[PDB]
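For reference, data02.tsv (TSV, C-alpha atoms and all ligand atoms):
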chain	number	residue	atom	x	y	z
Y	3	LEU	CA	-70.97	-66.11	-28.69
Y	4	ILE	CA	-69.39	-65.02	-25.37
Y	5	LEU	CA	-71.75	-65.14	-22.36
Y	6	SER	CA	-71.06	-64.61	-18.66
Y	7	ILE	CA	-72.74	-66.62	-15.99
Y	8	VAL	CA	-72.28	-64.75	-12.82
Y	9	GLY	CA	-73.76	-64.61	-9.33
Y	10	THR	CA	-73.29	-65.70	-5.77
Y	11	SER	CA	-71.14	-68.49	-4.21
Y	13	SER	CA	-71.65	-73.46	-6.27
Y	14	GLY	CA	-75.00	-72.75	-8.09
Y	15	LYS	CA	-73.22	-71.36	-11.14
Y	16	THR	CA	-71.10	-74.54	-11.53
Y	17	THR	CA	-74.01	-76.96	-11.22
Y	18	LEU	CA	-75.93	-74.96	-13.86
Y	19	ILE	CA	-73.02	-74.94	-16.32
Y	20	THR	CA	-72.20	-78.63	-15.82
Y	21	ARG	CA	-75.83	-79.69	-15.98
Y	22	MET	CA	-76.53	-77.63	-19.16
Y	23	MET	CA	-73.31	-78.88	-20.84
Y	24	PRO	CA	-74.53	-82.27	-22.21
Y	25	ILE	CA	-77.48	-80.50	-23.82
Y	26	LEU	CA	-75.33	-77.74	-25.44
Y	27	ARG	CA	-72.83	-80.36	-26.73
Y	28	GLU	CA	-75.59	-82.70	-28.02
Y	29	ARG	CA	-76.61	-79.85	-30.33
Y	30	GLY	CA	-73.15	-79.97	-31.82
Y	31	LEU	CA	-71.59	-76.98	-30.01
Y	32	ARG	CA	-67.93	-76.77	-29.12
Y	33	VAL	CA	-67.82	-75.01	-25.77
Y	34	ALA	CA	-65.13	-73.48	-23.60
Y	35	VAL	CA	-65.54	-72.13	-20.06
Y	36	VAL	CA	-63.34	-69.33	-18.76
Y	37	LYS	CA	-63.07	-69.26	-14.98
Y	38	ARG	CA	-61.24	-66.26	-13.56
Y	39	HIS	CA	-59.21	-66.31	-10.29
Y	40	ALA	CA	-58.72	-62.55	-9.57
Y	52	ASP	CA	-42.90	-81.56	-11.65
Y	53	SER	CA	-44.30	-79.51	-14.51
Y	54	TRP	CA	-44.28	-76.91	-11.65
Y	55	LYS	CA	-40.53	-77.19	-11.41
Y	56	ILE	CA	-40.42	-76.44	-15.15
Y	57	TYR	CA	-42.93	-73.60	-14.96
Y	58	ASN	CA	-41.19	-72.29	-11.83
Y	59	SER	CA	-37.82	-72.30	-13.64
Y	60	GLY	CA	-39.15	-69.76	-16.17
Y	61	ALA	CA	-40.79	-71.79	-18.95
Y	62	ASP	CA	-44.42	-71.95	-20.05
Y	63	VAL	CA	-45.52	-75.63	-20.25
Y	64	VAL	CA	-47.57	-77.85	-22.48
Y	65	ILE	CA	-48.52	-81.24	-20.91
Y	66	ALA	CA	-49.60	-83.63	-23.63
Y	67	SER	CA	-51.51	-86.87	-23.10
Y	68	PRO	CA	-53.45	-89.28	-25.29
Y	69	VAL	CA	-56.79	-87.46	-24.76
Y	70	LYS	CA	-56.13	-84.15	-23.02
Y	71	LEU	CA	-53.80	-81.20	-23.54
Y	72	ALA	CA	-52.83	-78.63	-20.87
Y	73	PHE	CA	-51.04	-75.34	-21.55
Y	74	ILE	CA	-49.90	-73.14	-18.70
Y	75	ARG	CA	-48.43	-69.76	-19.50
Y	76	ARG	CA	-47.32	-66.50	-17.85
Y	77	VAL	CA	-49.40	-63.57	-18.92
Y	78	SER	CA	-49.07	-59.85	-18.23
Y	79	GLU	CA	-51.82	-58.29	-16.10
Y	80	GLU	CA	-53.23	-56.58	-19.14
Y	81	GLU	CA	-53.45	-59.92	-21.04
Y	82	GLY	CA	-54.79	-61.98	-18.10
Y	83	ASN	CA	-57.58	-59.48	-17.34
Y	84	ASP	CA	-58.50	-59.08	-21.01
Y	85	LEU	CA	-61.25	-61.47	-21.89
Y	86	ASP	CA	-61.33	-60.53	-25.62
Y	87	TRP	CA	-57.55	-61.19	-25.98
Y	88	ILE	CA	-57.94	-64.66	-24.43
Y	89	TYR	CA	-60.83	-65.36	-26.80
Y	90	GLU	CA	-59.08	-64.05	-30.00
Y	91	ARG	CA	-55.85	-65.87	-29.12
Y	92	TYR	CA	-57.10	-69.34	-28.02
Y	93	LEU	CA	-60.86	-69.79	-28.34
Y	94	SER	CA	-61.79	-68.42	-31.78
Y	95	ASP	CA	-62.79	-71.94	-33.01
Y	96	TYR	CA	-65.45	-72.33	-30.27
Y	97	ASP	CA	-69.20	-71.98	-30.85
Y	98	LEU	CA	-69.83	-70.80	-27.33
Y	99	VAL	CA	-67.62	-69.34	-24.70
Y	100	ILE	CA	-69.08	-69.10	-21.19
Y	101	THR	CA	-67.41	-67.26	-18.41
Y	102	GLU	CA	-67.85	-68.24	-14.83
Y	103	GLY	CA	-67.62	-64.84	-13.16
Y	104	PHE	CA	-65.51	-62.28	-15.13
Y	105	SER	CA	-68.36	-59.80	-14.33
Y	106	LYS	CA	-66.16	-56.66	-14.78
Y	107	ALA	CA	-65.72	-57.59	-18.46
Y	108	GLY	CA	-69.28	-56.30	-19.11
Y	109	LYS	CA	-70.43	-59.14	-21.37
Y	110	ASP	CA	-74.12	-59.91	-21.50
Y	111	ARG	CA	-74.79	-62.14	-18.51
Y	112	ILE	CA	-77.09	-64.64	-16.89
Y	113	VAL	CA	-77.24	-63.94	-13.13
Y	114	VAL	CA	-77.56	-66.98	-10.81
Y	115	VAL	CA	-78.56	-66.09	-7.21
Y	116	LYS	CA	-79.98	-67.49	-4.01
Y	117	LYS	CA	-82.03	-64.45	-3.14
Y	118	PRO	CA	-83.62	-62.03	-5.61
Y	119	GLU	CA	-82.03	-58.97	-3.82
Y	120	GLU	CA	-78.61	-60.20	-4.97
Y	121	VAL	CA	-79.35	-59.55	-8.65
Y	122	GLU	CA	-78.65	-55.83	-8.10
Y	123	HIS	CA	-75.06	-56.69	-7.38
Y	124	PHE	CA	-74.40	-57.80	-11.03
Y	125	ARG	CA	-75.30	-54.85	-13.32
Y	126	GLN	CA	-71.79	-54.66	-14.94
Y	127	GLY	CA	-73.29	-55.67	-18.22
Y	128	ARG	CA	-76.66	-56.46	-19.77
Y	129	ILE	CA	-78.74	-58.98	-17.74
Y	130	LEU	CA	-80.24	-61.45	-20.13
Y	131	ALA	CA	-81.91	-63.57	-17.48
Y	132	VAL	CA	-81.91	-64.40	-13.79
Y	133	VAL	CA	-81.80	-67.95	-12.41
Y	134	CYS	CA	-83.32	-68.13	-8.93
Y	135	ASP	CA	-85.84	-70.40	-7.13
Y	136	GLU	CA	-87.76	-67.46	-5.73
Y	137	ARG	CA	-89.60	-64.95	-7.90
Y	138	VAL	CA	-87.39	-62.35	-9.63
Y	139	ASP	CA	-89.21	-59.27	-10.90
Y	140	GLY	CA	-88.02	-57.11	-13.75
Y	141	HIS	CA	-86.05	-59.77	-15.64
Y	142	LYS	CA	-86.62	-63.00	-17.57
Y	143	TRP	CA	-86.78	-65.49	-14.75
Y	144	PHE	CA	-85.76	-69.18	-14.68
Y	145	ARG	CA	-85.85	-71.51	-11.67
Y	146	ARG	CA	-82.46	-73.24	-10.91
Y	147	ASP	CA	-83.52	-76.74	-12.14
Y	148	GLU	CA	-84.88	-75.62	-15.51
Y	149	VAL	CA	-81.55	-76.60	-17.10
Y	150	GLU	CA	-83.11	-77.60	-20.39
Y	151	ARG	CA	-85.01	-74.31	-20.85
Y	152	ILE	CA	-81.95	-72.24	-19.83
Y	153	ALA	CA	-79.79	-74.21	-22.34
Y	154	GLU	CA	-82.48	-73.68	-24.98
Y	155	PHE	CA	-82.43	-69.97	-24.14
Y	156	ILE	CA	-78.62	-69.85	-24.67
Y	157	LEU	CA	-79.03	-71.81	-27.96
Y	158	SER	CA	-81.50	-69.17	-29.14
Y	159	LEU	CA	-78.92	-66.46	-28.52
Y	160	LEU	CA	-76.72	-68.65	-30.90
M	3	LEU	CA	-37.13	-73.53	-33.36
M	4	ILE	CA	-37.92	-76.81	-31.55
M	5	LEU	CA	-35.23	-78.70	-29.66
M	6	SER	CA	-35.75	-82.07	-28.01
M	7	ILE	CA	-34.05	-83.07	-24.78
M	8	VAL	CA	-33.93	-86.84	-24.97
M	9	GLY	CA	-32.24	-89.75	-23.23
M	10	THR	CA	-32.16	-92.38	-20.50
M	11	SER	CA	-32.62	-90.40	-17.27
M	12	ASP	CA	-36.10	-88.84	-16.75
M	13	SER	CA	-34.76	-86.85	-13.81
M	14	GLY	CA	-31.59	-85.70	-15.57
M	15	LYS	CA	-33.55	-84.37	-18.54
M	16	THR	CA	-35.86	-82.38	-16.20
M	17	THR	CA	-32.88	-81.13	-14.19
M	18	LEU	CA	-30.92	-79.95	-17.22
M	19	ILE	CA	-34.07	-78.01	-18.47
M	20	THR	CA	-34.70	-76.23	-15.16
M	21	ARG	CA	-31.03	-75.35	-14.50
M	22	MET	CA	-30.66	-73.96	-18.04
M	23	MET	CA	-33.99	-72.01	-17.97
M	24	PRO	CA	-32.90	-68.93	-15.90
M	25	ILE	CA	-29.89	-68.41	-18.27
M	26	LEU	CA	-32.01	-68.82	-21.43
M	27	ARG	CA	-34.61	-66.39	-19.98
M	28	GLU	CA	-32.03	-63.72	-18.88
M	29	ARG	CA	-31.42	-63.31	-22.63
M	30	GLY	CA	-35.06	-62.28	-22.81
M	31	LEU	CA	-35.85	-65.47	-24.65
M	32	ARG	CA	-39.49	-66.57	-24.42
M	33	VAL	CA	-39.33	-70.36	-23.80
M	34	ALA	CA	-41.93	-73.16	-23.75
M	35	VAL	CA	-41.40	-76.83	-22.70
M	36	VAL	CA	-43.57	-79.64	-24.17
M	37	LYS	CA	-43.70	-82.80	-22.03
M	38	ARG	CA	-45.66	-86.06	-21.79
M	51	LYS	CA	-62.48	-78.96	-7.91
M	52	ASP	CA	-64.96	-77.09	-10.16
M	53	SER	CA	-62.83	-76.78	-13.30
M	54	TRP	CA	-62.41	-80.53	-13.17
M	55	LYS	CA	-66.25	-80.89	-12.97
M	56	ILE	CA	-66.77	-78.42	-15.84
M	57	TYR	CA	-64.10	-80.24	-17.85
M	58	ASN	CA	-65.83	-83.62	-17.24
M	59	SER	CA	-69.21	-82.25	-18.27
M	60	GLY	CA	-67.83	-81.67	-21.74
M	61	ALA	CA	-66.35	-78.13	-21.75
M	62	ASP	CA	-62.76	-77.18	-22.49
M	63	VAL	CA	-61.54	-74.99	-19.65
M	64	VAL	CA	-59.53	-71.73	-19.29
M	65	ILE	CA	-58.39	-70.81	-15.80
M	66	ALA	CA	-57.48	-67.12	-15.90
M	67	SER	CA	-55.61	-65.14	-13.31
M	68	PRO	CA	-53.79	-61.86	-13.51
M	69	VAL	CA	-50.42	-63.40	-14.29
M	70	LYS	CA	-51.07	-67.05	-15.21
M	71	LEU	CA	-53.43	-68.86	-17.59
M	72	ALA	CA	-54.11	-72.60	-17.95
M	73	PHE	CA	-55.94	-74.01	-21.00
M	74	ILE	CA	-57.16	-77.59	-20.60
M	75	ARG	CA	-58.71	-79.22	-23.65
M	76	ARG	CA	-59.78	-82.55	-25.21
M	77	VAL	CA	-57.69	-83.81	-28.11
M	78	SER	CA	-57.70	-86.89	-30.35
M	79	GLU	CA	-54.72	-89.20	-29.61
M	80	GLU	CA	-53.04	-88.12	-32.85
M	81	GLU	CA	-53.37	-84.38	-32.04
M	82	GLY	CA	-51.80	-84.82	-28.63
M	83	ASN	CA	-48.93	-86.83	-30.15
M	84	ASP	CA	-48.34	-84.26	-32.88
M	85	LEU	CA	-45.70	-81.67	-32.03
M	86	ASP	CA	-46.40	-79.54	-35.12
M	87	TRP	CA	-50.12	-79.39	-34.35
M	88	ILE	CA	-49.16	-78.33	-30.80
M	89	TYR	CA	-46.63	-75.71	-32.08
M	90	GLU	CA	-49.33	-74.16	-34.36
M	91	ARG	CA	-52.10	-73.87	-31.83
M	92	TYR	CA	-50.00	-72.80	-28.95
M	93	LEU	CA	-46.37	-72.08	-29.46
M	94	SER	CA	-45.87	-69.93	-32.55
M	95	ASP	CA	-44.68	-66.81	-30.66
M	96	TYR	CA	-41.98	-68.48	-28.61
M	97	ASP	CA	-38.31	-68.00	-29.38
M	98	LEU	CA	-37.47	-71.56	-28.37
M	99	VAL	CA	-39.54	-74.69	-27.80
M	100	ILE	CA	-37.96	-77.44	-25.73
M	101	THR	CA	-39.39	-80.99	-25.78
M	102	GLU	CA	-38.79	-83.37	-22.85
M	103	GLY	CA	-38.69	-86.58	-24.79
M	104	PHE	CA	-40.74	-87.00	-27.95
M	105	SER	CA	-37.55	-88.62	-29.31
M	106	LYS	CA	-39.44	-90.41	-32.10
M	107	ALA	CA	-40.69	-87.15	-33.56
M	108	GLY	CA	-37.28	-86.64	-35.22
M	109	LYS	CA	-36.58	-83.04	-34.10
M	110	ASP	CA	-32.92	-82.01	-33.64
M	111	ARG	CA	-31.90	-83.21	-30.12
M	112	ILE	CA	-29.56	-82.98	-27.23
M	113	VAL	CA	-29.01	-86.52	-25.93
M	114	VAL	CA	-28.54	-86.94	-22.16
M	115	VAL	CA	-27.26	-90.37	-21.16
M	116	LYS	CA	-25.41	-92.20	-18.42
M	117	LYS	CA	-23.41	-94.51	-20.70
M	118	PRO	CA	-21.99	-93.52	-24.12
M	119	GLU	CA	-23.48	-96.61	-25.92
M	120	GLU	CA	-27.06	-95.44	-25.05
M	121	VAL	CA	-26.53	-92.64	-27.67
M	122	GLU	CA	-27.30	-95.17	-30.44
M	123	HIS	CA	-30.97	-95.34	-29.39
M	124	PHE	CA	-31.60	-91.64	-30.04
M	125	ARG	CA	-30.70	-91.29	-33.73
M	126	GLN	CA	-34.26	-90.45	-34.95
M	127	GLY	CA	-33.28	-86.81	-35.59
M	128	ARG	CA	-30.09	-84.77	-35.79
M	129	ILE	CA	-27.87	-85.09	-32.71
M	130	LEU	CA	-26.60	-81.64	-31.88
M	131	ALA	CA	-24.78	-82.65	-28.72
M	132	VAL	CA	-24.46	-85.36	-26.14
M	133	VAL	CA	-24.56	-84.75	-22.39
M	134	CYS	CA	-22.62	-87.46	-20.52
M	135	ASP	CA	-20.15	-87.47	-17.59
M	136	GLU	CA	-17.96	-89.86	-19.58
M	137	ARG	CA	-16.50	-88.60	-22.85
M	138	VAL	CA	-18.45	-89.57	-25.92
M	139	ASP	CA	-16.99	-89.83	-29.50
M	140	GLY	CA	-18.38	-88.50	-32.75
M	141	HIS	CA	-20.48	-85.67	-31.25
M	142	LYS	CA	-20.26	-82.31	-29.54
M	143	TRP	CA	-19.93	-83.29	-25.87
M	144	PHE	CA	-20.67	-81.71	-22.49
M	145	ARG	CA	-20.70	-83.13	-18.98
M	146	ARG	CA	-24.00	-83.09	-16.93
M	147	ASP	CA	-22.74	-80.15	-14.84
M	148	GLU	CA	-21.84	-77.75	-17.63
M	149	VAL	CA	-25.26	-76.08	-17.70
M	150	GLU	CA	-24.01	-72.63	-18.67
M	151	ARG	CA	-22.02	-74.14	-21.56
M	152	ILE	CA	-25.03	-76.17	-22.75
M	153	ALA	CA	-27.36	-73.18	-22.42
M	154	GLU	CA	-24.88	-71.03	-24.40
M	155	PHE	CA	-24.67	-73.74	-27.03
M	156	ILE	CA	-28.44	-73.54	-27.38
M	157	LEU	CA	-28.30	-69.70	-27.53
M	158	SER	CA	-25.59	-70.03	-30.22
M	159	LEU	CA	-27.71	-72.26	-32.53
M	160	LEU	CA	-30.61	-69.83	-32.19
M	161	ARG	CA	-28.43	-66.95	-33.47
M	162	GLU	CA	-27.53	-68.84	-36.68
Y	201	CL	CL	-36.43	-89.47	-24.28
Y	202	PR	PR	-91.38	-69.77	-16.66

What is this structure when it is put down as structure tokens?
Amino acid sequence: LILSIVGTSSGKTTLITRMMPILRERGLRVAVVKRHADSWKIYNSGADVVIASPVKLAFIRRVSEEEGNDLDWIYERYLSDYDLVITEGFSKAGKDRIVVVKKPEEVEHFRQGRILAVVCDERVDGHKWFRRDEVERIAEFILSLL
Amino acid sequence: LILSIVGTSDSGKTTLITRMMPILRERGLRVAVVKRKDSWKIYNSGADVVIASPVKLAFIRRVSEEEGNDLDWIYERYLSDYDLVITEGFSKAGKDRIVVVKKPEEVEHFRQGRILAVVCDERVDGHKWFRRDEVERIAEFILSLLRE
């Protein structure tokens, strides 16, 4: 499953990070794609880099514009083994999304794909509506989607 | 093809790699090097993380210790479309290697795989030999082995 969590400036991050223990406890492997719209010397010289450590691996590579803006390429190439892929932002990709906002009027901004739910403290009309701190229920909602 | 750059000077390995890189790349070779705040928060919470931008992508992910130590596992997941993979270290993995040392007798400590050449300011016996400065010659040597 690929799902976008989108909305206004750090409410999105808190939701993702707070839901994460619950999603992982159910046995999901999860990746999060965040778009920005030494090893540096090596990278800067022309090489893509893997940095390997006992418990963490990092891979930094040049991509063409067409690759870097292509969510489904990124997924097919590197994330095909994951149960759940969540984007933070990547709204233009038109994936089904959860919209996380401060004010209900902001929801309107994010109709670039299908709105599965809205997370807001104030009443949101016209959508399935979760309050920001209902992390368990929102996680359960995502688990239902699969 | 995976080539290790091994030896006694951390800085001299890294310098040889970066000086050679523009020459290797001008041949339209695709090269990768393997070496030993919100995305950090997401990572800590238990997600693997992709940071995407129009021309650069970073994939940060949890591994077991054996996976992270395993060059072939890394090659498969990540590196199968490169024309050349360079390793900075990983001497004990036994890949063919270029050995970069200060003193000729240090060469003896890097015999875990095939020694293709030795980089040393002082002449070394029993191996193909370049000085530290001969970056174009060492780069070409690497291009040559690729074409065989
Ligand atoms: Cl080494
Ligand atoms: Pr309710």

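Here atom CA of residue Y:21 and atom CA of residue Y:99 stand 15.8 Å from one another.
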
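The shortest atom-to-atom distance to ligand CL 201 (chain Y), with all atoms listed in the file taken into account, belongs to M:7 out of M:129, M:7, M:156, M:69.
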
Give me the residues within 8 Å of residue M:23 as a PyMOL selection string, counting all atoms listed in the file and dropping any in the same chain fewer than 6 places off.
-> chain Y and resi 59-61

Got a sec to check which residues lie within 7 Å of ligand CL 201 (chain Y), using all atoms listed in the file, and send them as a list in words?
->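 Selection of residues at most 7 Å from ligand CL 201 (chain Y): residues 7, 8, 9, 10, 102, 103, 104 and 105 of chain M.
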
Using all atoms listed in the file, select each residue of chain M with any atom at most 8 Å away from an atom of chain Y, and give the selection as a ChimeraX atom specification.
-> /M:16,19-21,23-24,27,32-38,52-53,55-56,59-80,82-83,91-92
